[PDB]
Number of protein chains: 2
Amino acid sequence: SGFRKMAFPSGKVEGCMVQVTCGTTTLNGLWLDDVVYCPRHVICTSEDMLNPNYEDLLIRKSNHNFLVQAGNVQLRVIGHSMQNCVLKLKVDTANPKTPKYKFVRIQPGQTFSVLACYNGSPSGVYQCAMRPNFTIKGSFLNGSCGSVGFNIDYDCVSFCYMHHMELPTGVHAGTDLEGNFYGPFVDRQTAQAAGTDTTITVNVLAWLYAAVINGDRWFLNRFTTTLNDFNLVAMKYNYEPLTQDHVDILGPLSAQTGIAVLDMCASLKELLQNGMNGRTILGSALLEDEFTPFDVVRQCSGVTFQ
Amino acid sequence: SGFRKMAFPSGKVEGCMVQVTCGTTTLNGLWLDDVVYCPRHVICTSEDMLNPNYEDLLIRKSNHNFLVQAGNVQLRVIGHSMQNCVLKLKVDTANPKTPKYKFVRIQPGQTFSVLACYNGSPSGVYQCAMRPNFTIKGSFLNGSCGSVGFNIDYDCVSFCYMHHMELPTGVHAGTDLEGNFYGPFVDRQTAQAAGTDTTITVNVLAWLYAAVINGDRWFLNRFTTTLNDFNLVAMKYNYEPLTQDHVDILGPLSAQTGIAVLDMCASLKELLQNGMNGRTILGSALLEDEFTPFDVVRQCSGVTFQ
Ligand SMILES: *[C@@](O)(c1nc2ccccc2s1)[C@H](C[C@@H]1CCCNC1=O)NC(=O)[C@@H]1Cc2ccccc2CN1C(=O)[C@@H](NC(=O)C(F)(F)F)C(C)(C)C
Ligand SMILES: *[C@@](O)(c1nc2ccccc2s1)[C@H](C[C@@H]1CCCNC1=O)NC(=O)[C@@H]1Cc2ccccc2CN1C(=O)[C@@H](NC(=O)C(F)(F)F)C(C)(C)C
Ligand code: NA
Ligand code: NA
């Protein structure tokens with residue numbers, strides 16, 4: 001029993017973190033085989049953040065201008081190139097701790113773990129969702145750039161996020177590991193703002209199923225609803241539409257609890273219209289939307305990773 | 001900016017997890033140097049859980065009756081002994097991944113990370129507090145016994161918890177790594193219940209400081225209070241007394257924000273008496289008490305570990 005915001009074990013990623021220094025800027029890089037990946041604005045200086053000419057800044061750098069340290073060992077840079085908003089620094093040593101890995105571009109609504117790092121050293125790990133507005137609600141300080149997000153499946157680390165920017169509402173923006181930003185954001189000091197966010201309905205339903213699995217059932221009512229009638233209510237409360245694909249993805253949780261998805265939707269409708277009236281669900285007084293159906297299954301069935 | 005329930009990087013502990021099988025029971029063990037630590041009820045059978053005679057059960061086991069596997073490699077057991085509620089299995093191979101480590105008995109109110117494991121394989125990591133009633137609000141399924149809790153300081157892993165039991169309210173009980181239970185609990189199938197819990201006041205204050213650091217300030221009022229008058233209110237709402245030691249431990253956060261502890265206490269008093277009136281603090285509609293002052297400092301200052 002119990003339900004926690006649980007992150008993936010971080011050890012496979014810890015062995016890949018390095019620090020990259022160029023001039024006065026230091027941030028984190030990801031060392032896989034003989035390549036270090038890091039945000040390209042490691043080459044920027046303070047006066048020139050409004051609209052950096054990255055190609056012009058980089059042509060004045062040579063391999064020796066990049067100082068890469070894995071723990072206390074310097075890694076010699078023997079080549080460099082820019083791909084979208086990342087630098088690829090080729091180094092003279094392949095990381096002996098390189099896990100089996102993939103680069104993935106995740107979809108809004110999916111979750112991942114973040115290994116927050118400073119000066120190439122891990123600080124902590126936590127779980128995040130890719131929000132519908134392509135931001136993440138992270139915990140990042142100065143120096144955290146280049147920290148990565150990831151999922152683990154069996155033995156394979158799927159890297160999905162590299163940290164670049166903090167936006168005005170205290171939320172965060174970054175790229176996939178090919179250096180393409182999630183969302184409309186850019187690596188310049190400009191006016192950029194998160195679009196209006198929405199609530200991830202399929203995840204709220206997954207979490208209500210987690211609550212039932214854990215014995216927290218007070219919110220189940222005797223009614224049902226159609227998908228269309230449910231979505232008219234979801235729309236009013238700034239929830240995203242629920243699709244038939246979402247209903248089918250919730251099938252395993254529906255089968256485990258014996259509660260049809262549309263019956264759970266009827267219970268969620270009443271929570272949206274009436275509130276919780278001072279009660280909690282899984283210890284929260286709000287509806288939680290950063291657990292996917294797969295997250296709930298993993299945590300309520302004990303999925304491990306080699 | 002941002003504030004998340006952040007766990008320690010788990011890699012140093014991952015390398016220590018093994019599975020222990022005795023008869024039909026399988027659980028997790030902790031492999032440090034040439035010793036594997038695990039809960040002693042790995043030697044129990046289903047019919048004999050009401051009141052096991054552990055000494056009598058163990059005298060009928062030999063080294064070969066314990067099957068210890070580190071990944072896919074069997075570790076030969078060459079000695080065994082019982083210490084309180086744990087078994088120490090001496091093995092023929094010292095763990096080459098043994099970190100610098102300590103065993104610590106933590107105090108109520110302090111936090112730690114849990115590496116939840118099944119069949120010796122890590123599943124996820126999350127942060128827990130030792131509750132005043134000596135339970136933890138974990139997320140544990142069948143097979144999780146022997147999973148450990150820990151803190152990391154610089155390079156040293158301080159192990160503080162090994163998982164044994166689930167109590168009726170869906171909360172958890174376990175031991176330090178010397179096998180002494182936290183709280184009055186025992187490893188038998190009996191009537192045991194968590195005592196009434198209380199809220200960890202110094203942690204709530206730490207979290208209110210985290211909120212201010214992050215720009216969430218609406219709850220700050222213009223008043224102050226004495227320590228005694230504050231504690232009369234805390235008592236009514238089932239908060240633990242705030243001590244002068246607690247006030248001093250909050251000193252760094254008070255200095256960083258410029259808000260005297262007793263002034264923050266005045267703001268907390270008003271939140272207890274009036275509620276939040278529909279507002280959130282750091283994204284929560286409840287007051288959070290599982291961040292210590294040190295946790296807040298770590299997360300809002302970027303402490304890393306080698
Ligand atoms: C990350 O650690 C980096 N810092 C630097 C410093 C100098 C050069 C390159 C880099 S990367 C840091 C992480 C931030 C820091 C604030 C606290 N929380 C975080 O997540 N990124 C950072 O400061 C980026 C880097 C960058 C790159 C190119 C142009 C401008 C900037 C500034 N920047 C921002 O995040 C800024 N936000 C925006 O401009 C906005 F997204 F449009 F809002 C800001 C510094 C937070 C205002
Ligand atoms: C842990 O994984 C173990 N399972 C077994 C099974 C056979 C032998 C030894 C062990 S250790 C398991 C973790 C639990 C399981 C339920 C779901 N969540 C968890 O955290 N521990 C476990 O089942 C313990 C082990 C034990 C040891 C000696 C006597 C009796 C038991 C049963 N037990 C309990 O946790 C039980 N709780 C209590 O008896 C109570 F604490 F008094 F409430 C119960 C099985 C949850 C009812
Ligand atoms: Na219903
Ligand atoms: Na005040």
# chains A, B, ... in the order shown; residues from 1 in each chain; ligands from 1
>>> interface_residues(of="chain B", to="chain A", cutoff="8 Å", atoms="only C-alpha atoms", output="JSON, numbers by chain")
{"B": [1, 2, 3, 4, 5, 6, 7, 8, 9, 10, 11, 12, 14, 71, 115, 117, 118, 121, 122, 123, 124, 125, 126, 137, 138, 139, 140, 141, 166, 170, 171, 284, 285, 286, 299, 300, 301, 302, 303, 304, 305, 306]}
>>> select_by_dssp(residues="segment 19-81 of chain B", states="helix (DSSP H, G or I)", output="JSON, numbers by chain")
{"B": [40, 41, 42, 43, 46, 47, 48, 54, 55, 56, 57, 58, 59, 63, 64, 65]}
>>> residues_near_ligand(ligand="ligand 4", cutoff="6 Å", atoms="only C-alpha atoms and all ligand atoms", output="NGL selection string")
:B and (220-224 or 263-264 or 266-267)
>>> write_last_selection(atoms="N, CA, C and O atoms", output="PDB file, in the first residue's frame")
ATOM      1  N   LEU B 220       2.096  35.707   4.346  1.00  0.00           N
ATOM      2  CA  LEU B 220       2.847  36.470   5.329  1.00  0.00           C
ATOM      3  C   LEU B 220       1.991  37.605   5.862  1.00  0.00           C
ATOM      4  O   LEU B 220       1.470  38.412   5.090  1.00  0.00           O
ATOM      5  N   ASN B 221       1.847  37.682   7.166  1.00  0.00           N
ATOM      6  CA  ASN B 221       1.070  38.768   7.738  1.00  0.00           C
ATOM      7  C   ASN B 221       1.999  39.739   8.453  1.00  0.00           C
ATOM      8  O   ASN B 221       3.213  39.555   8.495  1.00  0.00           O
ATOM      9  N   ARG B 222       1.413  40.790   9.016  1.00  0.00           N
ATOM     10  CA  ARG B 222       2.206  41.874   9.584  1.00  0.00           C
ATOM     11  C   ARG B 222       2.542  41.670  11.057  1.00  0.00           C
ATOM     12  O   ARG B 222       3.194  42.530  11.647  1.00  0.00           O
ATOM     13  N   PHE B 223       2.173  40.541  11.641  1.00  0.00           N
ATOM     14  CA  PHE B 223       2.217  40.357  13.083  1.00  0.00           C
ATOM     15  C   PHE B 223       3.411  39.534  13.527  1.00  0.00           C
ATOM     16  O   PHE B 223       4.180  38.997  12.734  1.00  0.00           O
ATOM     17  N   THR B 224       3.554  39.425  14.846  1.00  0.00           N
ATOM     18  CA  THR B 224       4.533  38.524  15.421  1.00  0.00           C
ATOM     19  C   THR B 224       3.860  37.777  16.569  1.00  0.00           C
ATOM     20  O   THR B 224       2.683  38.009  16.880  1.00  0.00           O
ATOM     21  N   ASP B 263       8.073  35.646  13.482  1.00  0.00           N
ATOM     22  CA  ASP B 263       7.143  36.264  12.543  1.00  0.00           C
ATOM     23  C   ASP B 263       6.535  35.217  11.625  1.00  0.00           C
ATOM     24  O   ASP B 263       5.334  35.250  11.354  1.00  0.00           O
ATOM     25  N   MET B 264       7.351  34.273  11.124  1.00  0.00           N
ATOM     26  CA  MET B 264       6.776  33.168  10.376  1.00  0.00           C
ATOM     27  C   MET B 264       5.792  32.383  11.242  1.00  0.00           C
ATOM     28  O   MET B 264       4.774  31.892  10.744  1.00  0.00           O
ATOM     29  N   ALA B 266       3.842  33.546  13.467  1.00  0.00           N
ATOM     30  CA  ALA B 266       2.583  34.285  13.443  1.00  0.00           C
ATOM     31  C   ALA B 266       1.799  33.992  12.171  1.00  0.00           C
ATOM     32  O   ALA B 266       0.562  33.920  12.200  1.00  0.00           O
ATOM     33  N   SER B 267       2.496  33.861  11.037  1.00  0.00           N
ATOM     34  CA  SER B 267       1.797  33.573   9.783  1.00  0.00           C
ATOM     35  C   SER B 267       1.243  32.160   9.784  1.00  0.00           C
ATOM     36  O   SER B 267       0.127  31.922   9.331  1.00  0.00           O
TER      37      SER B 267
END
>>> select_by_dssp(residues="segment 24-225 of chain A", states="strand (DSSP E or B)", output="number ranges by chain")
A: 25-32, 35-39, 66-70, 73-75, 77-83, 86-91, 101-103, 111-118, 121-129, 136, 148-153, 156-166, 172-175, 181, 199
>>> closest_residue(among="A:129, A:57, A:193, A:233", to="ligand 1", atoms="only C-alpha atoms and all ligand atoms")
A:193
>>> residues_around(residues="residue 250 of chain A", least_positions_apart="5", cutoff="9 Å", atoms="only C-alpha atoms", output="list in words")
residues 202, 205, 206, 245, 255, 261, 293 and 294 of chain A
>>> write_last_selection(atoms="N, CA, C and O atoms", output="short mmCIF file (atom, residue, chain, number, x, y, z; two decimals), in the first residue's frame")
data_model
loop_
_atom_site.label_atom_id
_atom_site.label_comp_id
_atom_site.auth_asym_id
_atom_site.auth_seq_id
_atom_site.Cartn_x
_atom_site.Cartn_y
_atom_site.Cartn_z
N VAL A 202 -6.39 12.23 -18.62
CA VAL A 202 -6.13 10.80 -18.51
C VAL A 202 -5.27 10.48 -17.30
O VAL A 202 -5.43 9.42 -16.68
N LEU A 205 -7.41 10.60 -14.11
CA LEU A 205 -8.13 9.34 -14.00
C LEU A 205 -7.22 8.22 -13.50
O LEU A 205 -7.61 7.44 -12.62
N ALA A 206 -5.98 8.14 -14.01
CA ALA A 206 -5.04 7.12 -13.56
C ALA A 206 -4.83 7.23 -12.06
O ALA A 206 -4.78 6.21 -11.36
N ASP A 245 -8.53 6.50 -27.28
CA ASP A 245 -7.22 5.90 -27.02
C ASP A 245 -6.90 5.99 -25.54
O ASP A 245 -6.39 5.03 -24.95
N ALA A 255 -9.67 -2.76 -15.32
CA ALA A 255 -9.86 -4.18 -15.05
C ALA A 255 -9.42 -4.54 -13.63
O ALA A 255 -10.09 -5.32 -12.95
N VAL A 261 -14.12 2.82 -17.11
CA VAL A 261 -13.57 4.16 -17.27
C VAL A 261 -14.68 5.22 -17.24
O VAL A 261 -14.55 6.25 -16.57
N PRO A 293 -1.04 6.50 -16.64
CA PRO A 293 -1.49 5.12 -16.40
C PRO A 293 -0.34 4.16 -16.20
O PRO A 293 -0.38 3.33 -15.29
N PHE A 294 0.71 4.26 -17.02
CA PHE A 294 1.83 3.35 -16.85
C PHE A 294 2.53 3.58 -15.52
O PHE A 294 2.95 2.62 -14.87
#
